[PDB]
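J.: Numbering (mature numbering (1 follows the signal peptide of the UniProt record, and there is no 0)), first residue to last: 1 to 213. Starting off with a structure, shown below.
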Amino acid sequence: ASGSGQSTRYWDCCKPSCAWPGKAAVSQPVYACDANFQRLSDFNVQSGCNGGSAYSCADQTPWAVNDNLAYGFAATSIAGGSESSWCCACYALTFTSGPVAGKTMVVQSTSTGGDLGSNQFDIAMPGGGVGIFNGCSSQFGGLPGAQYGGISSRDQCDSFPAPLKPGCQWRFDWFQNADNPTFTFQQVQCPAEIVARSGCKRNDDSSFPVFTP
Ligand SMILES: OC[C@H]1O[C@@H](O[C@H]2[C@H](O)[C@@H](O)[C@H](O[C@H]3[C@H](O)[C@@H](O)[C@H](O[C@H]4[C@H](O)[C@@H](O)[C@H](O)O[C@@H]4CO)O[C@@H]3CO)O[C@@H]2CO)[C@H](O)[C@@H](O)[C@@H]1O
Ligand SMILES: OC[C@H]1O[C@@H](O[C@H]2[C@H](O)[C@@H](O)[C@H](O[C@H]3[C@H](O)[C@@H](O)[C@@H](O)O[C@@H]3CO)O[C@@H]2CO)[C@H](O)[C@@H](O)[C@@H]1O
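What follows is the structure in structure tokens.
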């Protein structure tokens, strides 16, 4: 996959869609975590957004590799695609608007929910906004922020559970509080560091270009 896309920001604490078995041909699904941010060994645990006990892991958060490059995670709806084709795939995003224009972020798709056909990437960052499901309410009694768009200032990250705080701060620290920047994207082999966090590598990962910074 490649093309143009539209971004948003989110963190709903839910079990990500690609954390289920059978969604794609992968080494293993994305890890889910308990409410205390500990990895679950069972990949079939019901989502904490659906009455269950499996939540998004805190290490599936974005970080700066250097001033021009970040790694992270996204929910994706890729035109022409399906969970079979995107789950656990990585994409090099080159931002084309906002304060981050010209910077690169490599994201692994771990979930979905955007409009079909849209090439929408919902970029994961704690404090980006819980949206329609506040799973964060059931996990730990909720995060600060507007339901959509989340927190407004970096000092609000001081209220976050510790494992989520670095990813909260990244939004203000590398991402320059960019508001829904546009991008172009290219599907790439996943950086080892990203697979280390999610646990999930596609069987077809090597068929894509190596990412070059
Ligand atoms: O089939 C296995 C199992 O499935 C259970 O249902 C799952 C779905 O399989 C799964 O796709 C769904 O995933 C959610 C995810 O948890 C949410 O975080 C995500 O939310 C997205 C939102 O859609 C978008 O606006 C943006 O994309 O990011 C956000 C956060 O605001 O949406 C996806 C897709 O809906 O979760 C379900 C569980 O709740 C069944 O319940 C189970 O019986 C089956 O065995
Ligand atoms: O559904 C995807 C995602 O949405 C996230 O919220 C979005 C809102 O949908 C979006 O309307 C808002 O955009 C506003 C922008 O931030 C403002 O600055 C203003 O100028 O215009 C826009 C009004 O349309 O952006 C937010 C953040 O990306 C949720 O946070 C998330 O949970 C959900 O998954």
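Quick reminder that beta carbons are idealized off the backbone N, C-alpha and C, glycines included.
Locate the alpha helix (DSSP H) running through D173, then write down its first and last residues.
T.: Residue mapping note: residue 173 aligns to position 173 of the sequence shown, counting from 1. Counting along the chain, the alpha helix (DSSP H) containing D173 begins and ends at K165 to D173.
J.: Among the residues of its own chain, which have a CB less than 6 Å from the CB of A19, if the five just before and after it don't count?
T.: To locate residue 19, count along the sequence shown from 1; it is residue 19. Answer for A19: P29, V30 and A32, listed in chain order.
J.: Are there any heavy atoms of ligand 2 lying less than 7 Å away from the beta-carbon of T110, as far as the coordinates show?
T.: Translated into positions along the sequence shown, residue 110 becomes position 110. It does not: the Cβ of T110 is nowhere closer than 7 Å to a heavy atom of ligand 2.
J.: For ligand 1, is there a heavy atom less than 7 Å away from the beta-carbon of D42?
T.: Within the sequence shown, the letter at position 42 stands for residue 42. Flag unset: Cβ of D42 not near ligand 1.
J.: Please return the same chain residues whose Cβ sits closer than 6 Å to the Cβ of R171, not counting the five positions on each side in sequence.
T.: Indexing the sequence shown from 1 puts residue 171 at position 171. Cβ neighbours of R171 beyond the five flanking positions: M125.
J.: Would you say the beta carbon of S4 comes nearer than 7 Å to a heavy atom of ligand 1?
T.: What you label residue 4 is simply residue 4 of the sequence shown in a count that begins at 1. With a cutoff of 7 Å, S4 does not count as near ligand 1, since its C-beta is closer than that to no heavy atom of the ligand.
J.: May I have a chain-ordered list of the alpha helix (DSSP H) segments no shorter than 4 residues that lie completely inside the stretch 91-173?
T.: Restricted to the stretch 91-173, the alpha helix (DSSP H) segments that are unbroken, complete and at least 4 residues in length are 135-140 and 165-173, listed in chain order.
J.: Please go through the same chain and pick out, in chain order, the residues whose beta-carbon is closer than 6 Å to the beta-carbon of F43, but skip the five residues on each side of it.
T.: Counting from 1 along the sequence shown, the entry for residue 43 is found at position 43. Answer for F43: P21 and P29, listed in chain order.
J.: Tell me whether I78, by its Cβ, gets closer than 7 Å to a heavy atom of ligand 1.
T.: One-based indexing of the sequence shown puts residue 78 at position 78. Not so, every heavy atom of ligand 1 lies at least 7 Å from the Cβ.
J.: Is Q147 buried or exposed, if buried means 16 or more other CB atoms sit within 10 Å of its CB?
T.: Indexing the sequence shown from 1 puts residue 147 at position 147. Exposed: under 16 other Cβ atoms inside 10 Å.
J.: Within the chosen definition, does the stretch 159-169 reach the stretch 56-63 through at least 3 CB pairs nearer than 8 Å?
T.: Touching, yes.
J.: On the three-state DSSP scale, how would you describe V188?
T.: The residue labelled residue 188 in the question sits at position 188 within the sequence shown. Strand at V188.
J.: Can you tell me the Cα-Cα spacing of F160 and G128, whole angstroms?
T.: Position 160 of the sequence shown, counted from the first residue, corresponds to residue 160. Position 128 of the sequence shown, counted from the first residue, corresponds to residue 128. Approximately 12 Å, taken between the alpha carbons.
J.: What are the boundary residues of the beta strand (DSSP E) that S2 is part of?
T.: Taking the sequence shown and counting its residues from 1, the one referred to as residue 2 is at position 2. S2 to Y10 is the span of the beta strand (DSSP E), which, as asked, contains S2.
J.: Would you mind stating whether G142 and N134 have Cβ atoms separated by less than 8 Å?
T.: Taking the first residue of the sequence shown as position 1, residue 142 is located at position 142. Taking the first residue of the sequence shown as position 1, residue 134 is located at position 134. In this structure, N134 lies closer than 8 Å to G142 by Cβ.
J.: If we call anything under 8 Å between Cβ atoms a contact, is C190 one with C87?
T.: Residue mapping note: residue 190 aligns to position 190 of the sequence shown, counting from 1. Residue mapping note: residue 87 aligns to position 87 of the sequence shown, counting from 1. No, the pair does not count as a contact, with Cβ atoms beyond the cut-off.
J.: Judging by CA-CA distance, which residue of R154, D115, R9 and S138 is the nearest neighbour of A79?
T.: The sequence position of residue 79 within the sequence shown is 79, counting from 1. Distance from the Cα of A79 is smallest, within the candidate group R154, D115, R9 and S138, for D115.
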